[PDB]
Amino acid sequence: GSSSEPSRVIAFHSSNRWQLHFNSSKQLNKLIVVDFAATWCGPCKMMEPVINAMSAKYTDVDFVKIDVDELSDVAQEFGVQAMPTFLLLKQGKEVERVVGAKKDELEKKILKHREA
């Protein structure tokens, strides 16, 4: 665990801990960005400063990080087939998805759903 820039990203390392966070979020009118990553994935690692900066800017959005090997059950539930995959959730439903290290597409999709 080390930091080179500010961040508001929360990593979940157990399926139970994710499921409880997800259940609490189901009832909230709040956007969640789920970053499905792998420790070995180059583009994931390149995006980390970009996502950290995004999470420090869009402080009204919840940013979550899930490893697809550690939580393979969660990744398979959402059909993740390549990394990084950013899943945008609101009130328990997927509203957008980004597949790949695509900063501008992600930012556009967040702004579309960050407010009512």
# chains A, B, ... in the order shown; residues from 1 in each chain; ligands from 1
>>> residues_around(residues="residue A:44", least_positions_apart="5", cutoff="8 Å", atoms="only C-alpha atoms", output="compact mmCIF listing (two decimals) with N, CA, C and O atoms, in the first residue's frame")
# COMPACT_ATOMS: atom_id res chain seq x y z
N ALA A 37 -10.23 -4.78 -12.28
CA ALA A 37 -8.82 -4.73 -12.64
C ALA A 37 -8.18 -6.09 -12.42
O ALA A 37 -8.78 -7.00 -11.83
N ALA A 38 -6.94 -6.24 -12.91
CA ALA A 38 -6.11 -7.39 -12.58
C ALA A 38 -4.71 -6.89 -12.23
O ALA A 38 -4.24 -5.90 -12.79
N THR A 39 -4.06 -7.58 -11.29
CA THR A 39 -2.73 -7.16 -10.85
C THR A 39 -1.72 -7.22 -11.99
O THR A 39 -0.74 -6.45 -11.99
N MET A 83 -9.87 -6.18 -19.20
CA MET A 83 -9.60 -5.24 -18.12
C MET A 83 -8.78 -4.06 -18.64
O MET A 83 -8.00 -4.21 -19.58
N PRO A 84 -8.97 -2.85 -18.06
CA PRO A 84 -9.97 -2.56 -17.03
C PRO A 84 -11.35 -2.48 -17.62
O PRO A 84 -11.49 -2.07 -18.77
N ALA A 101 -8.82 1.19 -21.23
CA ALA A 101 -8.22 2.37 -20.61
C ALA A 101 -8.61 3.63 -21.38
O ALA A 101 -7.81 4.26 -22.07
>>> residues_around(residues="residue A:70", least_positions_apart="6", cutoff="9 Å", atoms="only C-alpha atoms", output="list in words")
residues 13, 14, 15 and 38 of chain A
>>> residues_around(residues="residue A:52", least_positions_apart="4", cutoff="12 Å", atoms="only C-alpha atoms", output="list in words")
residues 3, 4, 5, 6, 7, 8, 9, 10, 11, 33, 35, 44, 45, 46, 47, 48, 56, 57, 58, 59, 62, 63, 64, 65 and 103 of chain A
>>> atom_distance(atom1="atom CA of residue A:108", atom2="atom CA of residue A:69")
28.2 Å
>>> select_by_dssp(residues="chain A", states="helix (DSSP H, G or I)", output="count of residues only")
43
>>> closest_residue(among="A:32, A:106, A:68, A:20", to="residue A:92", atoms="only C-alpha atoms")
A:32
>>> closest_residue(among="A:95, A:104, A:41, A:111", to="residue A:82", atoms="only C-alpha atoms")
A:41
>>> select_by_dssp(residues="stretch 7-36 of chain A", states="strand (DSSP E or B)", output="ChimeraX atom specification")
/A:10-12,31-36
>>> write_last_selection(atoms="N, CA, C and O atoms", output="mmCIF file, in the first residue's frame")
data_model
loop_
_atom_site.group_PDB
_atom_site.id
_atom_site.type_symbol
_atom_site.label_atom_id
_atom_site.label_comp_id
_atom_site.auth_asym_id
_atom_site.auth_seq_id
_atom_site.Cartn_x
_atom_site.Cartn_y
_atom_site.Cartn_z
ATOM 1 N N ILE A 10 -11.882 2.946 -3.044
ATOM 2 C CA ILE A 10 -11.937 1.884 -2.042
ATOM 3 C C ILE A 10 -11.772 0.549 -2.754
ATOM 4 O O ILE A 10 -12.508 0.265 -3.703
ATOM 5 N N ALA A 11 -10.828 -0.275 -2.294
ATOM 6 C CA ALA A 11 -10.655 -1.619 -2.837
ATOM 7 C C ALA A 11 -11.337 -2.637 -1.936
ATOM 8 O O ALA A 11 -11.241 -2.551 -0.709
ATOM 9 N N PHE A 12 -12.047 -3.589 -2.541
ATOM 10 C CA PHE A 12 -12.686 -4.669 -1.797
ATOM 11 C C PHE A 12 -11.980 -5.981 -2.107
ATOM 12 O O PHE A 12 -11.822 -6.349 -3.278
ATOM 13 N N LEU A 31 -24.164 7.599 -7.800
ATOM 14 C CA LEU A 31 -23.448 6.866 -8.844
ATOM 15 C C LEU A 31 -22.258 6.124 -8.245
ATOM 16 O O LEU A 31 -21.509 6.685 -7.436
ATOM 17 N N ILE A 32 -22.076 4.869 -8.651
ATOM 18 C CA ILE A 32 -20.927 4.068 -8.248
ATOM 19 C C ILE A 32 -20.157 3.714 -9.512
ATOM 20 O O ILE A 32 -20.757 3.298 -10.510
ATOM 21 N N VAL A 33 -18.836 3.911 -9.479
ATOM 22 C CA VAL A 33 -17.947 3.473 -10.549
ATOM 23 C C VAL A 33 -17.171 2.273 -10.026
ATOM 24 O O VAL A 33 -16.438 2.389 -9.032
ATOM 25 N N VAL A 34 -17.338 1.121 -10.678
ATOM 26 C CA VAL A 34 -16.641 -0.107 -10.298
ATOM 27 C C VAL A 34 -15.553 -0.359 -11.326
ATOM 28 O O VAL A 34 -15.846 -0.550 -12.512
ATOM 29 N N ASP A 35 -14.296 -0.337 -10.868
ATOM 30 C CA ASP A 35 -13.116 -0.595 -11.694
ATOM 31 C C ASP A 35 -12.744 -2.056 -11.491
ATOM 32 O O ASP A 35 -12.251 -2.430 -10.421
ATOM 33 N N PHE A 36 -13.025 -2.883 -12.501
ATOM 34 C CA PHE A 36 -12.603 -4.282 -12.525
ATOM 35 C C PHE A 36 -11.187 -4.360 -13.103
ATOM 36 O O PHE A 36 -10.961 -4.055 -14.280
#
>>> atom_distance(atom1="atom CA of residue A:110", atom2="atom CA of residue A:96")
8.5 Å
>>> decode(residues="stretch 35-63 of chain A", atoms="N, CA, C and O atoms", output="short mmCIF file (atom, residue, chain, number, x, y, z; two decimals), in the first residue's frame")
data_model
loop_
_atom_site.label_atom_id
_atom_site.label_comp_id
_atom_site.auth_asym_id
_atom_site.auth_seq_id
_atom_site.Cartn_x
_atom_site.Cartn_y
_atom_site.Cartn_z
N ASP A 35 -14.30 -0.34 -10.87
CA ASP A 35 -13.12 -0.59 -11.69
C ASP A 35 -12.74 -2.06 -11.49
O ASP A 35 -12.25 -2.43 -10.42
N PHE A 36 -13.03 -2.88 -12.50
CA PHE A 36 -12.60 -4.28 -12.53
C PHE A 36 -11.19 -4.36 -13.10
O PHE A 36 -10.96 -4.06 -14.28
N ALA A 37 -10.23 -4.78 -12.28
CA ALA A 37 -8.82 -4.73 -12.64
C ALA A 37 -8.18 -6.09 -12.42
O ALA A 37 -8.78 -7.00 -11.83
N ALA A 38 -6.94 -6.24 -12.91
CA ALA A 38 -6.11 -7.39 -12.58
C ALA A 38 -4.71 -6.89 -12.23
O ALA A 38 -4.24 -5.90 -12.79
N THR A 39 -4.06 -7.58 -11.29
CA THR A 39 -2.73 -7.16 -10.85
C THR A 39 -1.72 -7.22 -11.99
O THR A 39 -0.74 -6.45 -11.99
N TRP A 40 -1.91 -8.13 -12.93
CA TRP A 40 -0.96 -8.31 -14.01
C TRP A 40 -1.24 -7.43 -15.22
O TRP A 40 -0.44 -7.43 -16.16
N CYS A 41 -2.33 -6.65 -15.21
CA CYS A 41 -2.82 -5.99 -16.42
C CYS A 41 -2.17 -4.62 -16.56
O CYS A 41 -2.38 -3.73 -15.72
N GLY A 42 -1.40 -4.43 -17.64
CA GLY A 42 -0.68 -3.20 -17.88
C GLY A 42 -1.56 -1.97 -17.97
O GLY A 42 -1.34 -0.98 -17.28
N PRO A 43 -2.57 -2.01 -18.85
CA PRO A 43 -3.47 -0.85 -18.96
C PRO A 43 -4.15 -0.48 -17.65
O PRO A 43 -4.35 0.71 -17.39
N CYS A 44 -4.53 -1.47 -16.84
CA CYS A 44 -5.02 -1.18 -15.49
C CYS A 44 -4.03 -0.32 -14.72
O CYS A 44 -4.40 0.68 -14.09
N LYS A 45 -2.76 -0.71 -14.73
CA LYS A 45 -1.77 0.02 -13.94
C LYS A 45 -1.57 1.43 -14.48
O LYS A 45 -1.39 2.37 -13.70
N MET A 46 -1.61 1.59 -15.80
CA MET A 46 -1.50 2.91 -16.41
C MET A 46 -2.67 3.81 -16.05
O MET A 46 -2.51 5.04 -15.98
N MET A 47 -3.85 3.24 -15.83
CA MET A 47 -5.01 4.07 -15.54
C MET A 47 -5.09 4.49 -14.08
O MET A 47 -5.87 5.39 -13.76
N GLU A 48 -4.32 3.85 -13.21
CA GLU A 48 -4.47 4.10 -11.77
C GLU A 48 -4.31 5.57 -11.39
O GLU A 48 -5.17 6.08 -10.64
N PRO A 49 -3.31 6.31 -11.87
CA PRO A 49 -3.26 7.74 -11.52
C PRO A 49 -4.44 8.52 -12.07
O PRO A 49 -4.89 9.47 -11.42
N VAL A 50 -4.96 8.12 -13.23
CA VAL A 50 -6.09 8.80 -13.86
C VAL A 50 -7.36 8.58 -13.06
O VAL A 50 -8.12 9.52 -12.79
N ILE A 51 -7.63 7.33 -12.67
CA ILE A 51 -8.78 7.02 -11.82
C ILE A 51 -8.65 7.67 -10.44
O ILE A 51 -9.63 8.16 -9.88
N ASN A 52 -7.45 7.66 -9.85
CA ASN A 52 -7.26 8.30 -8.54
C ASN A 52 -7.60 9.79 -8.61
O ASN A 52 -8.35 10.30 -7.78
N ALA A 53 -7.06 10.48 -9.62
CA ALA A 53 -7.40 11.89 -9.83
C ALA A 53 -8.89 12.09 -10.08
O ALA A 53 -9.50 13.03 -9.54
N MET A 54 -9.50 11.23 -10.90
CA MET A 54 -10.95 11.31 -11.11
C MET A 54 -11.70 11.18 -9.80
O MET A 54 -12.69 11.88 -9.57
N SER A 55 -11.27 10.27 -8.93
CA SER A 55 -12.04 10.03 -7.71
C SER A 55 -11.91 11.20 -6.75
O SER A 55 -12.83 11.46 -5.96
N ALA A 56 -10.79 11.92 -6.82
CA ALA A 56 -10.59 13.11 -6.00
C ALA A 56 -11.31 14.33 -6.55
O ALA A 56 -11.48 15.31 -5.82
N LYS A 57 -11.71 14.29 -7.81
CA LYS A 57 -12.47 15.37 -8.44
C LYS A 57 -13.97 15.15 -8.30
O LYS A 57 -14.69 16.05 -7.85
N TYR A 58 -14.45 13.97 -8.69
CA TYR A 58 -15.88 13.64 -8.60
C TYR A 58 -16.17 13.03 -7.23
O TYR A 58 -16.49 11.85 -7.08
N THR A 59 -16.07 13.89 -6.22
CA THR A 59 -16.25 13.48 -4.83
C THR A 59 -17.69 13.11 -4.49
O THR A 59 -17.91 12.54 -3.41
N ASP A 60 -18.67 13.39 -5.36
CA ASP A 60 -20.04 12.93 -5.19
C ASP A 60 -20.28 11.55 -5.79
O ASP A 60 -21.42 11.07 -5.77
N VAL A 61 -19.24 10.92 -6.34
CA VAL A 61 -19.32 9.61 -6.96
C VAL A 61 -18.49 8.64 -6.13
O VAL A 61 -17.40 9.00 -5.66
N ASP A 62 -19.00 7.43 -5.95
CA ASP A 62 -18.30 6.38 -5.21
C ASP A 62 -17.45 5.56 -6.18
O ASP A 62 -17.98 4.99 -7.13
N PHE A 63 -16.13 5.52 -5.96
CA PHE A 63 -15.21 4.73 -6.78
C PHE A 63 -14.75 3.50 -6.02
O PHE A 63 -14.26 3.60 -4.89
#
